[PDB]
Structures are given as structure tokens and as C-alpha cells.
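[1] Just dropping in an experimental structure and the matching sequence.
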Amino acid sequence: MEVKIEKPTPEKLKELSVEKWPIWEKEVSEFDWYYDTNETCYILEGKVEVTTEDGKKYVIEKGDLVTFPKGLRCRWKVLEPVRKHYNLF
């Protein structure tokens, strides 16, 4: 697995300028996640607790980007209004 948890700082965000990337708005719902491409997303406002079938867990809240491998299948669940940017290949 290649899932990393990091919160880009104003310095790193400059090059990671998510402002140019689309935006997603979501309420504290619950969604099933199935990967299909080396994608990258950045949190801008929200709380999500990810639990993979393999037995892993990715907690990303406010300004946090994580990587995922093609095929990754895990359940997503927002705790508070979620706003994140995208970066898919």
C-alpha cells in the first residue's frame, strides 16, 4: 500500500496550488469508495475516517492530502461538511 497522510503547508501548497483544481462539496453522509487510477485529493474543510478492507485506516481532516493505489477499495464517511480538491492522473 502507498497511502500517506500529510498536511501541505503554505509553502508546499504554493506548488500544490489546489485553487486551480476542482472542488467538491459534501454533507456528513457515507460513501463507498472504489479506486481506479492513481489519484490524489486535498482536504479544505471536513472530516473523513477511511477504513480499508485490507485492515488499514486513513484519517484526513482539513488541509490533508493522501495517496492511493489503483484498485484501493474502502468505505468513506464524513463527520462534518467536506470540501476537498482533486488531483487525478
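    Arrived safely, thanks for sending. Numbering: from 1, shown residues only.
[2] Longest strand in the chain, please.
    In the chain, assigned by DSSP state E, the strand with the most residues is strand 73-88.
[3] Kindly confirm my reading that residue 19 forms part of a helix.
    Yes - counting by DSSP: H, G, I helix; E, B strand; the rest coil, residue 19 is located in a helix.
[4] What is the neighbour count of it?
    9 (other Cβ atoms under 10 Å). The way it works is simple: take the backbone N, C-alpha and C, and place the C-beta from them, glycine included.
[5] Phi and psi next, for the closest residue to residue 61 other than its chain neighbours.
    Ranked by Cβ to Cβ, 6 or more residues apart in numbering and with sequence neighbours excluded, the top spatial neighbour of residue 61 is residue 47, at 4.5 Å. For residue 47, the backbone dihedrals (degrees, to the nearest 10) come out as phi -140, psi 120.
[6] If residue 73 is in a bridge, with which residues?
    Beta-bridge pairing for residue 73 (DSSP bridges): residue 34.
[7] from memory residue 64 sits against residue 6, does it?
    Yes - Residue 64 lies in contact with residue 6 (Cβ atoms under 8 Å); the separation is 6.7 Å.
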